[PDB]
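Every chain is numbered from 1, with letters handed out A, B, ... down the list of sequences.
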Amino acid sequence: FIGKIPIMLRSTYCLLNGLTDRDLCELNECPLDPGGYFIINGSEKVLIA
Amino acid sequence: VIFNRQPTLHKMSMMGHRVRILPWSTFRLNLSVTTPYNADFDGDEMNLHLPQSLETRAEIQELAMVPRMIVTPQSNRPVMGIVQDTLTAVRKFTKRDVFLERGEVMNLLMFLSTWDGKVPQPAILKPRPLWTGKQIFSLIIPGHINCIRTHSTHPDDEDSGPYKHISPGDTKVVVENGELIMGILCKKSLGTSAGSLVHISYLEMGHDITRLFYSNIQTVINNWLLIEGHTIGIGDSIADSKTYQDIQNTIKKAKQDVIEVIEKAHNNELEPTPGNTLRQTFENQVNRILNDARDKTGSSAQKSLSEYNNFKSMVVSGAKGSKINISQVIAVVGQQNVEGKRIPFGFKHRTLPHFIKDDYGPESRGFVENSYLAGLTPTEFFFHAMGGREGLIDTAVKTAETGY
Amino acid sequence: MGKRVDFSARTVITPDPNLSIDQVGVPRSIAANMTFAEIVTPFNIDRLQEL
Amino acid sequence: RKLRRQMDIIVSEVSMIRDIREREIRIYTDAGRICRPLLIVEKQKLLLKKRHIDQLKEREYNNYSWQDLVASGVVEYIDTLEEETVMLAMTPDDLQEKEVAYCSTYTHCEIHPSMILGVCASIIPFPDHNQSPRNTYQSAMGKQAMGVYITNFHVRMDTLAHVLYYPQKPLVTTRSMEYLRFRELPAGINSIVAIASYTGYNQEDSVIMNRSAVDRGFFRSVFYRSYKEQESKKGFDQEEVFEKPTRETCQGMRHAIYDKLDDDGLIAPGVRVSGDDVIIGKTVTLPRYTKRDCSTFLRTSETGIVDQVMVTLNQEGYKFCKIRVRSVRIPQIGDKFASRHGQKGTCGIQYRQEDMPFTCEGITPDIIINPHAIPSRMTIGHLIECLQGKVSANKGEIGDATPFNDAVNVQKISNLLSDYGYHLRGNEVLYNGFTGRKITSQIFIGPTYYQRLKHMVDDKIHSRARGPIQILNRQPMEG
Amino acid sequence: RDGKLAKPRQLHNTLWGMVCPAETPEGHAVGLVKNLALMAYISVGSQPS
Amino acid sequence: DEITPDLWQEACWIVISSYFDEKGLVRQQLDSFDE
Amino acid sequence: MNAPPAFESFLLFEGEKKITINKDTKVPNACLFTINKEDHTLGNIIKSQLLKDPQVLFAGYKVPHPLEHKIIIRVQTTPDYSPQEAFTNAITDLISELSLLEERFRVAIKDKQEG
Amino acid sequence: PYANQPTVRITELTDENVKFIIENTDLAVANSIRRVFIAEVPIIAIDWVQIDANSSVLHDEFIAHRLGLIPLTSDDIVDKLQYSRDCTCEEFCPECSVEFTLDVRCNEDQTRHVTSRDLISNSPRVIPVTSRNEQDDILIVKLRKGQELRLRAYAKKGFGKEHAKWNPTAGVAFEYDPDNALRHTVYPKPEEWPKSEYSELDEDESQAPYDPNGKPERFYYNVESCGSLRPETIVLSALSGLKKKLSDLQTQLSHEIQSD
Amino acid sequence: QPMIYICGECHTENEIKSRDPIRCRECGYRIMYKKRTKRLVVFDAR
Amino acid sequence: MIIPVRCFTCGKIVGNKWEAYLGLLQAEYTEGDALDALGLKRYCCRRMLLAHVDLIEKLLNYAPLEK
RNA sequence: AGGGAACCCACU
Ligand SMILES: [Mg+2]
Ligand SMILES: [Zn+2]
Ligand SMILES: [Zn+2]
Ligand SMILES: [Zn+2]
């Protein structure tokens with residue numbers, strides 16, 4: 001173990017990757033939420049190009 | 001209280017007001033004071049300061065109250081005039097053929113704070129008693145001031161022909177002995193320019209009488225506007241088919257002229273003017289052709305407008321808009337410029353990948369040949385976006401330079 | 001050269017064609033939160049006592 | 001190019017530029033090159049054929065997707081450098097033969113020119129009919145508009161959130177709005193708007209609103225604020241604990257009542273709260289004795305009802321609470337509104353239904369905006385939207401305001417509106433509400449999509465008369 | 001944003017189809033913060049081997 | 001074979017719809033992070 | 001925060017008077033009638049009825065401010081008449097017309113319902 | 001110097017609208033009657049809601065607002081009821097209110113629609129209009145399994161001037177001088193304006209000739225009811241209410257004149 | 001005294017004592033919600 | 001989120017029309033025909049139905065807090 | 001009894 005990497009939501013290595021809308025709603029996630037951001041201490045962060 | 005809007009650019013950015021308590025959560029302002037503050041009601045916020053002693057209260061009362069600020073020493077002319085609805089409406093109100101019945105007159109007199117309670121004799125007694133707009137407005141004018149002005153649509157040769165003193169179009173404003181004898185009121189007569197009616201009222205009567213003059217114009221005219229109405233719609237943006245064909249012919253001829261200039265330059269038959277390289281000469285000729293086309297189409301569009309057209313109503317009153325705005329809505333939008341030049345070749349020898357290389361024609365370099373009503377083509381849309389970006393940037397940088 | 005000050009207020013502005021040019025409409029909550037110190041005299045003691 | 005279009009050795013992402021005048025060929029596989037897809041033109045024909053459209057129409061079943069278009073070499077990604085060498089047709093109409101051909105050597109065609117716009121500018125109807133700074137202004141204001149920001153908002157404890165009661169999708173849309181999910185999560189209401197002078201209270205960009213409509217839920221919204229707090233046991237000397245403090249033991253208790261708290265030191269959902277009301281009771285033991293109040297109070301000047309109360313442990317295992325307070329916001333004088341055309345204003349006054357001007361049917365405007373906005377702003381898109389919206393409400397369809405559409409012009413819309421029994425330019429005869437008299441001028445009136453912006457006067461109003469001061473300089477605090 | 005040259009804040013011709021010509025903040029950042037056009041894509045890179 | 005104008009409008013929006021069905025709107029973020 | 005209660009537009013506050021009468025001193029035989037918690041409905045009908053009276057020289061009304069609930073009616077009559085008399089007679093005429101209209105509407109409804 | 005003598009004709013009378021013409025009156029009276037239809041005809045509506053349970057996806061004020069907007073049959077009761085502010089009762093009594101209760105829980109796997117049919121009244125004659133024995137019931141909220149709504153509400157007398165929920169109309173059509181003989185409007189291009197349904201012009205004529213001696217007579221109304229009152233009862237209640245306003249003003253003015 | 005909380009996962013009510021860590025007795029979930037108040041809540045229907 | 005009870009503009013009841021309108025659409029009515037069948041004549045009421053987005057179904061997709 | 005700095009977004 002060498003550290004932890006914050007994971008971008010709905011990316012390949014997120015727990016939501018590939019879930020159906022019904023599965024997302026069971027997790028209390030909005031199916032329309034596009035992802036593409038991080039959660040750091042509860043706060044949603046987006047990287048600006 | 002002292003009222004203030006930032007940035008505080010001149011004396012009239014901080015003026016004294018008397019407080020009136022009202023229900024909801026906003027500061028409420030009379031429309032005429034928006035001009036000194038450079039304020040509007042699209043989310044602006046203003047500051048209030050309450051003087052805390054009789055001495056500061058007396059200072060504000062005697063030096064800085066709004067009425068004392070009506071004329072500015074920056075340019076020896078009023079800083080406040082009649083604006084927006086009141087201006088458009090008063091222009092309509094004072095037209096020669098505005099007639100009011102007994103009841104309408106009584107209502108308007110209801111809104112005249114300085115009225116002495118005597119209903120004037122109507123201008124028309126038979127077959128029916130009718131008052132004109134000019135008679136009521138004469139009731140609004142203070143004292144016995146004397147003022148001559150001209151309406152904005154006053155023809156230039158009228159003053160030298162016959163009818164100099166009996167205007168066919170009612171375009172000469174004459175206030176004599178406090179009475180509006182003739183003429184259509186507009187920005188030239190009720191605005192902030194030197195020698196306007198409001199200026200003469202301030203100079204002849206005090207700040208107090210003139211304060212009442214501002215307020216009464218507003219209350220009486222707004223209440224008449226409740227009958228007259230004022231709108232702007234799609235129908236004001238249209239022109240007749242003959243006008244459209246004339247505009248299209250003008251544009252087509254201008255395009256062919258630019259083609260001829262290009263073909264001349266391509267054969268080395270073009271000679272530079274003194275003090276100009278050949279490319280500057282070619283650009284001068286092209287820009288001249290396109291400017292002439294824009295002017296001619298604008299004139300055609302302006303000629304097509306009827307007296308009921310609402311764009312024209314707001315332009316002639318001086319309340320909002322210009323003849324250029326009308327030309328761009330009805331006729332072409334015209335040339336788009338960046339840094340004073342036609343659209344540059346941002347790609348290699350091309351303004352966009354949709355053109356061929358070395359295309360100096362109007363479409364390629366940013367001449368928008370459509371009106372806003374017709375809608376811009378994609379390339380015109382992008383070139384117009386480049387042009388507009390220029391203005392946004394100018395604002396956002398000039399501010400700091402000027403502030404320093 | 002500049003400072004923050006007491007006895008000041010700020011809010012959105014909205015038009016009122018029914019005010020004189022020298023008036024300003026002020027909401028009640030602002031009017032209730034800002035004060036002017038009035039000196040008691042025999043002229044005004046009753047009015048101020050009720051206040 | 002053949003290899004890239006087959007996807008054999010060169011992936012679609014790769015850029016290959018030939019500078020003919022120079023004698024350089026430049027190939028880029030870097031990351032970070034911006035590109036866009038374009039239709040390939042060979043000779044003077046699209047490689048995209050009717051069969052590709054047929055296969056895409058059934059993509060639900062046959063699974064034929066966008067990737068198959070790219071694989072069949074019918075579409076290509078072109079980055080800016082390669083675009084320098086492309087001869088691009090705006091529409092397939094440019095490939096049609098013409099008396100004097102302009103180019104006749106096109107290599108590519110646009111899929112649709114409206115794709116030049118981003119997400120926010122794609123919701124503007126008829127943007128090609130507005131002055132460009134106005135499109136720029138809407139592009140910002142649309143990000144300030146209240147809607148339903150996300151479907152799972154009930155489970156989110158965001159610091160700030162606004163939710164509109166009754167969002168509608170616009171009667172007049174662009175085709176690119178289908179992909180932005182604006183239908184699903186709309187941020188506005190189609191409003192009956194009249195462009196008129198009426199009593200003077202919409203001058204200088206202000207608007208007049210119908211109070212009876214507001215009474216019925218027009219643009220009513222709800223504001224949420226979340227407060228968070230945690231109890232820290234950092235040191236054996238001092239520890240913070242959630243509790244309902246009492247004035248005998250705790251010392252720094254404000255004069256606010258603490259009886260709204262439960263025995264766990266927390267307020268319960270459904271309790272009404274006002275500014276300077278305690279919502280989380282918390283005490284810290286000292287090194288009126290042995291306890292210092294450090295409770296959380298509702299922000300000053302705000303009010304609402306506790307919506308929900310969540311209790312957890314944070315990362316280091318300390319007890320942790322978040323409290324969401326809800327506040328219903330009824331639109332009022334000073335609140336800010338905007339159409340999609342950069343026409344923004346604050347509400348200047350509200351009239352009840354009977355005071356509003358009316359058509360010969362019972363119809364009164366929801367909003368009255370002032371005609372002096374248009375002439376210098378030149379937002380003709382707004383007027384055309386109103387005209388088409390009137391047609392679309394009468395006909396029972398959604399108007400198409402996609403920008404560069406030749407099948408739509410003002411005359412066609414006007415002709416349609418005449419068929420439904422209205423004046424073809426959108427004007428109506430209105431009657432004055434106060435007196436019942438007709439208004440001499442006829443009034444432009446129709447449905448227009450309006451937005452309620454987050455800027456509300458009750459979050460801005462502020463006054464001071466000798467309050468708190470800064471420590472270093474003794475001048476009034478900021479904010 | 002403190003710099004006052006217009007040139008990098010201008011809408012360059014090559015933004016066509018890549019960056020929205022309309023969406024940009026109207027403050028100090030005008031022209032410096034941009035937004036992708038709807039169909040724009042950014043390459044992730046690949047090996048030239 | 002050839003798409004005709006009256007069909008062209010529907011065809012172009014079908015192509016664009018398929019594009020967005022495949023990619024979404026934040027594909028650049030997700031692809032960059034996956035890489 | 002600063003919203004007035006809705007009932008404020010039609011409920012008299014404690015001590016507030018429904019109607020006050022003052023003389024207009026600029027001209028003879030003129031009165032101002034201030035009415036609290038009324039709006040254009042009453043003001044307009046009363047003014048129009050007064051204009052029907054041949055002994056009324058001036059009749060008009062206004063709402064001084066839309067956010068307040070007061071109307072002012074100004075009436076001037078000939079010297080052989082009184083503005084108080086004109087105001088009273090105008091209200092009586094309006095009541096009579098409304099009573100007749102209600103009777104006739106009842107009769108018309110009955111006719112329509114029968115056939 | 002005296003009163004008008006209006007006449008009335010009913011041209012259409014259904015359960016939801018009444019269409020009629022008033023002749024030989026003045027525009028001010030016609031408009032005042034219109035205004036009274038909208039804002040000063042009393043009606044019964046829910047104006048007090050106590051929520052005992054609400055597990056729906058809609059917050060309490062949302063539900064309460066929707067309940068306030070449900071029209072209730074008021075046709076004969078409303079004249080009997082007193083205004084709650086005037087009643088001597090301490091909270092709410094049958095002389096100034098009507099009690100409603102609602103208690104719905106979703107125990108099944110299909111969505112439960114809470115409609116106005118679930119509003120149970122204490123008065124058989126004051127009920128949701130859609131519950132009167134086609135028109136569906138008004139949706140209040142939708143529940144999924146395990147969610148519940150339980151509340152108690154009181155309906156009281158009021159008029160549209162206070163809140164639009166007490167407005168009995170669903171559109172008041174009003175119109176005079178269909179052919180523009182008085183020129184109270186001026187058409188820039190008269191020929192492109194469609195005819196009024198009350199026009200009596202030929203298809204080749206756009207507007208009537210100007211009438212210099214004309215006055216507005218003959219006002220056309222189409223009063224549509226929201227269901228709380230019958231349309232004719234709306235009209236009659238308006239006439240009576242405007243008359244009452246005038247009578248009260250007359251009494252106050254008599255006191256004021258006598259007091260000086 | 002009871003202080004009933006609802007589990008965020010299994011929706012089970014369960015007692016919690018101040019100074020007791022947050023944890024559902026059934027499923028061990030660490031997020032709980034307070035129950036609606038018993039105080040009188042009354043709205044005008046406006 | 002849920003169909004408004006009244007038309008904002010005129011106050012006509014529309015809150016009892018949404019399920020019927022959805023029914024008519026699935027029975028192959030065009031929106032204009034369905035709105036005519038429901039008696040929605042003024043374009044304000046028609047706007048109410050035409051532009052509604054029934055977001056409450058999406059909200060009903062989430063499990064409630066209390067069983 | 002009451003902090004502060006930094007940065008970001010936004011409004012006129
Ligand atoms: Mg501004
Ligand atoms: Zn009672
Ligand atoms: Zn559990
Ligand atoms: Zn309606």
What is the distance, rounded to the nearest whole Å, between atom [atom1] of [X] and atom [atom2] of [N]?
X: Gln475(D); N: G4(K); atom1: CD; atom2: P; result: 14 Å
X: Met141(D); N: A10(K); atom1: CE; atom2: P; result: 14 Å
X: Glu478(D); N: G4(K); atom1: CD; atom2: P; result: 9 Å
X: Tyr289(D); N: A1(K); atom1: OH; atom2: P; result: 22 Å
X: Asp335(D); N: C11(K); atom1: CG; atom2: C1'; result: 15 Å
X: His455(D); N: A10(K); atom1: NE2; atom2: P; result: 10 Å
X: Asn473(D); N: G2(K); atom1: CG; atom2: P; result: 17 Å
X: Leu29(B); N: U12(K); atom1: CG; atom2: P; result: 17 Å

Looking across every strand, which nucleic acid part, if any, lies under 4.0 Å from [X] by heavy atom: base, sugar-phosphate, or nothing?
X: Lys45(A); answer: nothing
X: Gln251(D); answer: nothing
X: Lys336(D); answer: sugar-phosphate
X: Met46(B); answer: nothing
X: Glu26(E); answer: sugar-phosphate
X: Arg254(D); answer: base

Both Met477(D) and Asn38(B) contact RNA chain K. Taking the nearest nucleotide for each, which residue is further toward the 5' end?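 With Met477(D) and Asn38(B) compared, the 5'-side residue is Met477(D).
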Both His28(E) and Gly43(B) contact RNA chain K. Which one's nearest nucleotide lies toward the 5' end?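 The residue whose closest nucleotide sits nearer the 5' end is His28(E).
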Is any side-chain heavy atom of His17(B) less than 4.5 Å from a side-chain heavy atom of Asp22(C)?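 They are not in contact (no side-chain heavy atoms under 4.5 Å apart), so the answer is no.
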Measure from the side chain of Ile471(D), starting at C-beta and using heavy atoms only, and say which of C11(K), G2(K), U12(K) lies closest.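 Minimum distance to the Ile471(D) side chain belongs to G2(K).
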Should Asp6(C) and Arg466(D) count as an ion pair when the cut-off is N to O under 4.0 Å?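 Not counted as a salt bridge, because no side-chain N and carboxylate O are separated by less than 4.0 Å.
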So that I can tick it off, tell me whether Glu401(B) and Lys4(E) are bridged by a salt bridge, with the cut-off set at under 4.0 angstrom between side-chain N and carboxylate O.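 Result for this pair is no, no salt bridge flagged.
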Indicate whether OP1 or OP2 belonging to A10(K) is found under 4.0 Å from a side-chain N or O atom of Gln144(D).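 No, no such contact exists.
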Which atom pair, heavy atoms only, marks the closest approach of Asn33(C) to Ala465(D)?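 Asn33(C) and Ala465(D) have their closest heavy atoms at O-CB, 3.2 Å.
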Above 12 or not: heavy atoms from other molecules or residues under 6.0 Å from NZ of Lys3(C)?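 12 or below, so no.
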